[PDB]
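# what would the 3D arrangement of this be:
(2 chains)
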Number of protein chains: 2
Amino acid sequence: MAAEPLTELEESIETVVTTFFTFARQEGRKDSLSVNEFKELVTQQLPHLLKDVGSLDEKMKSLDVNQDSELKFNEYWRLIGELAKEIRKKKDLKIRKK
Amino acid sequence: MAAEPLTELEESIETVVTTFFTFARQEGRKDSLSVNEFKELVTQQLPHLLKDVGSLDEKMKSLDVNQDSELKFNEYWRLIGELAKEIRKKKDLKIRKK
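Numbers count the residues shown, from 1 in each chain, chains lettered A, B, ... in the order given. Here you go, the structure:
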């Protein structure tokens, strides 16, 4: 596990919050990106299948409302949550589609 | 071996879903623990600060309702996201202090 008093449950978050630092050329790192931008990027980051169940819709419609705005940690979070809901890793994830 | 065309954002997600497995050493994954259990676990796993506000209020009530009920990875997701939005760390995070 990690080295603050660093459990892997915590680490997952630490990783996410720092990972925002890498995305694109930007005015440093705010919190997250613009809404649609996020959705147009992460699909590229997760090239597993994008099988896209009703939670794709659940999310997409949310982006459709006011994509223009800027995402913050939680907002990004629940969206990637939904994404994990959609692309159901199952077990044979890194196998990649076999 | 595991070598799909994943990327940091994916890597974070695959890490999260695997953390349900690993562990305290057990096999498989429950998918997930209980709700209060979860809140207790995250505050325990994150001894960084856990100042807990606003989405604390959201979570606390949501847990209060029927904590006895099981949690699942999708709910867990937004619930920790809410936490990233509660405890807005910076400066010297995994550095701890020194």
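# give me phi/psi at the closest residue to residue A:53 other than its chain neighbours?
Excluding its sequence neighbours, the residue lying closest to residue A:53 (CB to CB, 6 or more residues apart in numbering or on different chains) is residue A:86, at 5.1 Å. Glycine gets a C-beta too; all of them are placed from N, C-alpha and C. Main-chain dihedrals, residue A:86, degrees, to the nearest 10: phi -70, psi -70.
# right, and residue A:86 touches residue A:55 too?
Yes. Counting by CB atoms under 8 Å, residue A:86 does reach residue A:55; the two are 4.9 Å apart.
# which residue lies nearest the spatial centre of chain A?
residue A:80 (3.7 Å; CA atoms, centre = their mean).
# so what's that one up against?
A:42, B:9, B:13, B:77 (CB atoms under 8 Å, 6 or more residues apart in numbering or on different chains).
# element containing it?
helix A:73-86 (DSSP states H and E).
# now do that helix and helix B:73-86, the angle between them.
Helix A:73-86 runs at 170 degrees relative to helix B:73-86, counting by axes from the mean of the first three to the mean of the last three CA atoms, to 10 degrees.
# backbone phi and psi for residue A:70, please?
Dihedral angles (degrees, to the nearest 10) for residue A:70: phi -110, psi 140.
# run through the bridge partners of it.
As for beta bridges, residue A:70 partners with residue A:34 under DSSP bridges.
# identify the residues contacting it.
With the criterion set at CB under 8 Å, 6+ apart, residue A:70 makes contact with A:30, A:31, A:32, A:33, A:34, A:35.
# for chain A, just list every one of the helices.
Remark: helices assigned in chain A by DSSP state H are A:8-19, A:35-45, A:54-66, A:73-86.
# quick revisit: centre of the chain to the helix holding residue A:80, how far?
For helix A:73-86, the separation from the chain centroid amounts to 6 Å (computed by CA atoms, centre = their mean, to the nearest Å).
# can you check stretch A:88-98 too?
Using CA atoms, centre = their mean, the offset of stretch A:88-98 from its chain centre is 18 Å.
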